[PDB]
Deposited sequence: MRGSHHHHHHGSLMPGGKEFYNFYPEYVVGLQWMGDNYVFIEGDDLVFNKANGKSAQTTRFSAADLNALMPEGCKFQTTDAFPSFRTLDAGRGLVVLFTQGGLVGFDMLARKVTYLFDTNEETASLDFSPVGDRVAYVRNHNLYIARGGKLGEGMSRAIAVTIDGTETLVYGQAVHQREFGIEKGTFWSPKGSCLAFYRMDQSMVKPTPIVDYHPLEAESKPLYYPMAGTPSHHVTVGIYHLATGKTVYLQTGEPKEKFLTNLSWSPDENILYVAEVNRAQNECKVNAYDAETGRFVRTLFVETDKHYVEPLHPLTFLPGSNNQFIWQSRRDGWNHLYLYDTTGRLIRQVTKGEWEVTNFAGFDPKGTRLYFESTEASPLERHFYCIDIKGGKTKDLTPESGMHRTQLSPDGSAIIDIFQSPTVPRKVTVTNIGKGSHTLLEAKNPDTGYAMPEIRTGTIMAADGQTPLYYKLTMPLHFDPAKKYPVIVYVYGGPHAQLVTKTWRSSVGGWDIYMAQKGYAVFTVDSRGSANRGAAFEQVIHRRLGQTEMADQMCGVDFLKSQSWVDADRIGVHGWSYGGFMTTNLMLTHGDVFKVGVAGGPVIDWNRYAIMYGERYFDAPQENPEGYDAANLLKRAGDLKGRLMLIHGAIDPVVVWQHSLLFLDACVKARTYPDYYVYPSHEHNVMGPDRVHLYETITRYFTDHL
């Protein structure tokens, strides 16, 4: 059901040719083409306003009125586009600087874009994501809700020592500095500008010292008078939610402060109640579980709205009156996602999607209805549309492969339940012994085992290899205690729990205990390498892609949260520094890296090979010179074949 979404009070989808509306009407590509089924980006679901990407600029389109809105000329920039909530202007970044282009109405001619900044360059970045995209930061432009102002980040990274990123395709290779701030080093300096459209004036927030402070979750007041910022200290154990005057940039007040033994991690903006300039919802994991908190703008906590030993995983919004909250959570089970209603006064949740498994739900603009997309181990796809507190309507339902087994084991503490998935060999025979590969990630913010319906496990299984994954402690959606055990000690608990997975595998009669392998990417590449070095008698063969190898060389804003700074934690960093234990490699391990990886710099795997040379140990290697952190697109076929053949050759 291509593009299933809300447009006004209609739910909408594509039929290769038509856009179909239901509350039935149909809008074809030729109907549309006459007014200039293609791709679009929805800008305003309530109004069904979208933008169409065409040869020769952007065309805004009102799908409810069936009328062109505006033509935009952004000099071919698309990545950084951020349309005003008014819908008639768009911000974007081009050749280092921030611009605003105004939409032009059909046959009324165009105006030249406004340059918000003029001194952007390699070490001075405007209007883009900062702080290595930590703290929920995905972009660097933030329109005020009435379109009067454009707030934006200014990142001076001139003090950061860069890493070369080399393009090998020109005749002579060309390097460009990547200002990647490594653990324990000087951070970049971010400030927040606000460009006022009426006056063309810019003011900077007076965020003050230390200049390294992290400026996160920018959130405008509904009346546009105040810009709120969640400021996080370098230690990452204090978050202050502060109000700044949008007119002058002056500090107004600190609403509240959160602190934690290990770390605080704000990830979501303040969300104001409907029709209110004075009350908002703030997400916080302060009580050990991510919950919704109701605050007024003086900083006074009215009440914790949600509570329980489960986590809110998506805040979807309010009823029109702002007396109810809608949200996705783990309340039913950490392996599941359901959509709920709760009174703003708190109390009992009501599960609006009760069936056991994974629900992905979209609340209608008017808050009256939901689109639900469901899948489970027995149900490939069930698409429903429901009038909340009324009838439900099914729109679509779907109905030798490797067998997938699931269950629970105890973690190394002997108390915490861990959930696993096991992809069995194709045509598995219980009388036979099989090799098995532990596919591991194990890092924060991910959860690999859910009650659901990129298939590398199935490919391995088709080659006669079982694939086992377990979500060890450190992993997500199980509360802060379950995650924070890793603090200052990366790899230690994670590997202990992965070895409980191995204990379970060895308890299976059909497992060949002498043919156990391991594979993972990124944090999973760190884990793969660490497991081979630490448990060299168990793990015969592994493949580690884009692996972290020396945490001192990972980015400040992620690494120092989980590990603290290298100066504060030499014992922990040293224990996880795989360069120090390269002489423990006694099996077959291939490392793979994208050469232009700006997340885990190529240096990590290169230094490991260098360490292995000195240590006289013998890893294998592959480099994708055109790829960044992950191998994307058709080349992923080459990746899977390289990884698979390594295991079929050696394990």
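- Several segments of the deposited sequence are absent from the coordinates, namely 1-27, 51-57, 71-81, 445-450, 505-508.
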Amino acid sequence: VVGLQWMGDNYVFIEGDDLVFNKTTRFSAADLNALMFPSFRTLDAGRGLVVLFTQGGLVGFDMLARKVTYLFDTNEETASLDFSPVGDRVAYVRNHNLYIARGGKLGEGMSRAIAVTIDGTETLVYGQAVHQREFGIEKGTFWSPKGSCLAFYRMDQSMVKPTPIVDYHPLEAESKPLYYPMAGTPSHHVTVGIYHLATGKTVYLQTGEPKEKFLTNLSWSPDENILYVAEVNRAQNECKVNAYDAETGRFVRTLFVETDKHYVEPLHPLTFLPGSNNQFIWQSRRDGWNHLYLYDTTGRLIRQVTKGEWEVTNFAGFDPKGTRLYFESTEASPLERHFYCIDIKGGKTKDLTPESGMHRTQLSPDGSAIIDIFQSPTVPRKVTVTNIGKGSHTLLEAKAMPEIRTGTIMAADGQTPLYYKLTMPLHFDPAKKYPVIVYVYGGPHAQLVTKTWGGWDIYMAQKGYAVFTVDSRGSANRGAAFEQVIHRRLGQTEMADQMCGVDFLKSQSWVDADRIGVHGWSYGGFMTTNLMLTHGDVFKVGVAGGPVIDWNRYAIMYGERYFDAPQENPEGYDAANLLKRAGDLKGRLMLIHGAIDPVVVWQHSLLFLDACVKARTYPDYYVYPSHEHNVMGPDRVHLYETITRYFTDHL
From here on, numbers count along this sequence of modelled residues.
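- The stretch 384-392 shows the higher mean C-alpha B-factor when 384-392 is compared against 455-463 in the entry.
- Higher mean CA temperature factor, per the PDB entry, when comparing 39-47 with 587-595: 39-47.
- Taking only the listed residues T313, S148, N75, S475, the entry reports the highest CA temperature factor at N75.
- Take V637, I643, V631, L19 and read off each C-alpha B-factor from the entry; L19 has the highest.
- In this PDB entry, the Cα temperature factor of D287 sits in the middle third of its chain's modelled residues.
- Sorting the modelled residues of the chain by their CA temperature factor places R66 in the highest third.
- When the modelled residues of the chain are ordered by their C-alpha B factor, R26 lands in the highest third.
- Sort the chain's modelled residues by C-alpha temperature factor and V59 lands in the highest third, per the entry.
- The PDB entry assigns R324 a C-alpha temperature factor belonging to the highest third of its chain's modelled residues.
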